[PDB]
Amino acid sequence: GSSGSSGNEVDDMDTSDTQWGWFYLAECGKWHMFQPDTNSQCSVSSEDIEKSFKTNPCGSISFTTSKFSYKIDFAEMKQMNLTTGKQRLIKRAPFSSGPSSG
């Protein structure tokens, strides 16, 4: 079962609230989106991380959460762990694509 349409094109990006989302590859092999957390697996929201990459597209945002330290090097296009030292590649992409209101 496959679906999809094509024909229109948006180059003027006029009045098109295009929100960019951040994701990170896991150990199992599934890119998980950055979700906010305070107590349960406390972490940074897709907004925080992004907000940084903006001002520093080739830097890194150092932060500490979940009783553990974590580092995200945008320039390297991957997340640098310090607690366990696990390497995980990241990626930036929009939540939804196409004008197809839905």
# chains A, B, ... in the order shown; residues from 1 in each chain; ligands from 1
call {"tool": "select_by_dssp", "arguments": {"residues": "chain A", "states": "helix (DSSP H, G or I)", "output": "PyMOL selection string"}}
result
chain A and resi 46-55
call {"tool": "residues_around", "arguments": {"residues": "residue A:27", "least_positions_apart": "6", "cutoff": "9 Å", "atoms": "only C-alpha atoms", "output": "PyMOL selection string"}}
result
chain A and resi 86-88
call {"tool": "write_last_selection", "arguments": {"atoms": "C-alpha atoms", "output": "CSV table (one decimal), in the first residue's frame"}}
result
chain,number,residue,atom,x,y,z
A,86,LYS,CA,28.1,6.4,22.9
A,87,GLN,CA,28.3,7.8,19.4
A,88,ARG,CA,25.1,8.8,17.6
call {"tool": "select_by_dssp", "arguments": {"residues": "stretch 2-94 of chain A", "states": "strand (DSSP E)", "output": "PyMOL selection string"}}
result
chain A and resi 20-24+32-33+60-65+68-73+78-81+87-94
call {"tool": "write_last_selection", "arguments": {"atoms": "N, CA, C and O atoms", "output": "short mmCIF file (atom, residue, chain, number, x, y, z; two decimals), in the first residue's frame"}}
result
data_model
loop_
_atom_site.label_atom_id
_atom_site.label_comp_id
_atom_site.auth_asym_id
_atom_site.auth_seq_id
_atom_site.Cartn_x
_atom_site.Cartn_y
_atom_site.Cartn_z
N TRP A 20 11.22 23.39 11.33
CA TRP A 20 12.27 22.39 11.19
C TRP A 20 12.42 21.57 12.47
O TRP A 20 12.52 22.13 13.56
N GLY A 21 12.44 20.25 12.32
CA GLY A 21 12.57 19.38 13.47
C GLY A 21 13.94 18.72 13.54
O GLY A 21 14.58 18.49 12.51
N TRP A 22 14.38 18.41 14.75
CA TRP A 22 15.68 17.77 14.95
C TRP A 22 15.51 16.31 15.36
O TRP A 22 14.61 15.97 16.13
N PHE A 23 16.38 15.45 14.84
CA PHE A 23 16.32 14.02 15.15
C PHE A 23 17.72 13.47 15.43
O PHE A 23 18.72 14.09 15.07
N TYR A 24 17.77 12.31 16.07
CA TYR A 24 19.05 11.68 16.40
C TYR A 24 18.95 10.16 16.27
O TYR A 24 18.02 9.54 16.80
N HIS A 32 15.24 9.03 16.42
CA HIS A 32 14.21 9.53 17.34
C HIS A 32 14.27 11.05 17.43
O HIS A 32 15.34 11.64 17.51
N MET A 33 13.09 11.68 17.43
CA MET A 33 13.00 13.13 17.52
C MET A 33 13.32 13.61 18.93
O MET A 33 13.13 12.88 19.90
N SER A 60 28.80 23.69 19.15
CA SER A 60 28.30 22.61 20.00
C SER A 60 27.59 23.17 21.23
O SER A 60 28.02 24.17 21.80
N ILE A 61 26.51 22.50 21.63
CA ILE A 61 25.75 22.93 22.80
C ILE A 61 25.96 21.98 23.97
O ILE A 61 25.46 20.86 23.97
N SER A 62 26.71 22.44 24.97
CA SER A 62 26.99 21.63 26.15
C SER A 62 25.89 21.78 27.18
O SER A 62 25.54 22.89 27.58
N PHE A 63 25.34 20.65 27.62
CA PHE A 63 24.27 20.65 28.61
C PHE A 63 24.31 19.38 29.45
O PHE A 63 24.85 18.36 29.04
N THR A 64 23.73 19.45 30.65
CA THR A 64 23.70 18.31 31.55
C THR A 64 22.27 17.99 31.99
O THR A 64 21.56 18.86 32.50
N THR A 65 21.86 16.74 31.79
CA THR A 65 20.52 16.31 32.16
C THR A 65 20.49 14.82 32.48
O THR A 65 21.46 14.10 32.21
N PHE A 68 23.30 13.00 33.98
CA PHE A 68 24.37 12.68 33.04
C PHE A 68 24.66 13.86 32.11
O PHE A 68 23.77 14.65 31.81
N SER A 69 25.90 13.96 31.66
CA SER A 69 26.31 15.04 30.77
C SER A 69 26.20 14.61 29.31
O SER A 69 26.48 13.47 28.96
N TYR A 70 25.79 15.55 28.46
CA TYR A 70 25.64 15.27 27.04
C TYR A 70 26.12 16.45 26.20
O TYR A 70 25.98 17.60 26.59
N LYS A 71 26.69 16.14 25.03
CA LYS A 71 27.19 17.17 24.14
C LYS A 71 26.73 16.92 22.70
O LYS A 71 26.71 15.78 22.24
N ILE A 72 26.35 17.99 22.01
CA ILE A 72 25.89 17.89 20.63
C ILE A 72 26.71 18.79 19.71
O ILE A 72 26.57 20.01 19.73
N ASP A 73 27.56 18.17 18.90
CA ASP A 73 28.40 18.91 17.96
C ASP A 73 27.73 19.00 16.59
O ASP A 73 27.79 18.06 15.80
N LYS A 78 26.66 15.20 14.61
CA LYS A 78 26.44 14.05 15.48
C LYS A 78 26.46 14.47 16.95
O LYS A 78 26.93 15.55 17.29
N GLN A 79 25.94 13.60 17.81
CA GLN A 79 25.90 13.89 19.24
C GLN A 79 27.05 13.19 19.97
O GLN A 79 27.29 12.00 19.78
N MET A 80 27.76 13.95 20.79
CA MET A 80 28.89 13.41 21.54
C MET A 80 28.50 13.15 22.99
O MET A 80 28.17 14.07 23.74
N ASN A 81 28.54 11.88 23.38
CA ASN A 81 28.19 11.49 24.75
C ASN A 81 29.42 11.48 25.64
O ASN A 81 30.54 11.22 25.19
N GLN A 87 28.40 6.98 20.53
CA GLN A 87 28.32 7.85 19.36
C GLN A 87 26.98 7.68 18.64
O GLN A 87 26.52 6.56 18.44
N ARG A 88 26.38 8.80 18.26
CA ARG A 88 25.09 8.77 17.57
C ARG A 88 24.99 9.93 16.58
O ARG A 88 25.10 11.10 16.96
N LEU A 89 24.77 9.61 15.31
CA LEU A 89 24.65 10.62 14.27
C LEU A 89 23.28 11.30 14.33
O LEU A 89 22.28 10.67 14.65
N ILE A 90 23.26 12.59 14.03
CA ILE A 90 22.02 13.36 14.05
C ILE A 90 21.62 13.78 12.64
O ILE A 90 22.27 13.42 11.66
N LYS A 91 20.53 14.55 12.54
CA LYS A 91 20.04 15.02 11.26
C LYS A 91 18.92 16.03 11.44
O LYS A 91 18.11 15.92 12.37
N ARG A 92 18.87 17.03 10.56
CA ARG A 92 17.85 18.06 10.63
C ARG A 92 16.87 17.95 9.46
O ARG A 92 17.28 17.92 8.30
N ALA A 93 15.58 17.87 9.78
CA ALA A 93 14.55 17.76 8.75
C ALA A 93 13.21 18.25 9.27
O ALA A 93 12.92 18.20 10.47
N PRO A 94 12.36 18.74 8.36
CA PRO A 94 11.03 19.25 8.70
C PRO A 94 10.08 18.15 9.13
O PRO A 94 10.22 17.00 8.72
#
call {"tool": "closest_residue", "arguments": {"among": "A:35, A:8, A:83, A:16", "to": "residue A:96", "atoms": "only C-alpha atoms"}}
result
A:16
call {"tool": "residues_around", "arguments": {"residues": "residue A:98", "least_positions_apart": "2", "cutoff": "12 Å", "atoms": "only C-alpha atoms", "output": "PyMOL selection string"}}
result
chain A and resi 4-11+13+16-18+94-96+100-102
call {"tool": "write_last_selection", "arguments": {"atoms": "C-alpha atoms", "output": "PDB file, in the first residue's frame"}}
result
ATOM      1  CA  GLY A   4       1.607  10.091  -2.826  1.00  0.00           C
ATOM      2  CA  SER A   5       0.896  12.967  -5.200  1.00  0.00           C
ATOM      3  CA  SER A   6       2.956  15.373  -7.307  1.00  0.00           C
ATOM      4  CA  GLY A   7       2.337  18.391  -9.516  1.00  0.00           C
ATOM      5  CA  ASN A   8       2.404  21.646  -7.563  1.00  0.00           C
ATOM      6  CA  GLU A   9       5.547  23.481  -6.457  1.00  0.00           C
ATOM      7  CA  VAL A  10       6.373  25.991  -3.720  1.00  0.00           C
ATOM      8  CA  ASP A  11       9.434  28.140  -4.406  1.00  0.00           C
ATOM      9  CA  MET A  13       7.630  29.812   0.359  1.00  0.00           C
ATOM     10  CA  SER A  16       4.268  28.680   4.695  1.00  0.00           C
ATOM     11  CA  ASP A  17       4.953  28.009   8.375  1.00  0.00           C
ATOM     12  CA  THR A  18       7.727  25.467   7.815  1.00  0.00           C
ATOM     13  CA  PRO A  94      11.032  19.255   8.699  1.00  0.00           C
ATOM     14  CA  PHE A  95       8.124  17.537  10.450  1.00  0.00           C
ATOM     15  CA  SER A  96       5.804  17.578   7.436  1.00  0.00           C
ATOM     16  CA  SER A 100      -1.251  19.028   1.389  1.00  0.00           C
ATOM     17  CA  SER A 101      -3.149  20.354   4.406  1.00  0.00           C
ATOM     18  CA  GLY A 102      -3.315  17.458   6.848  1.00  0.00           C
TER      19      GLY A 102
END
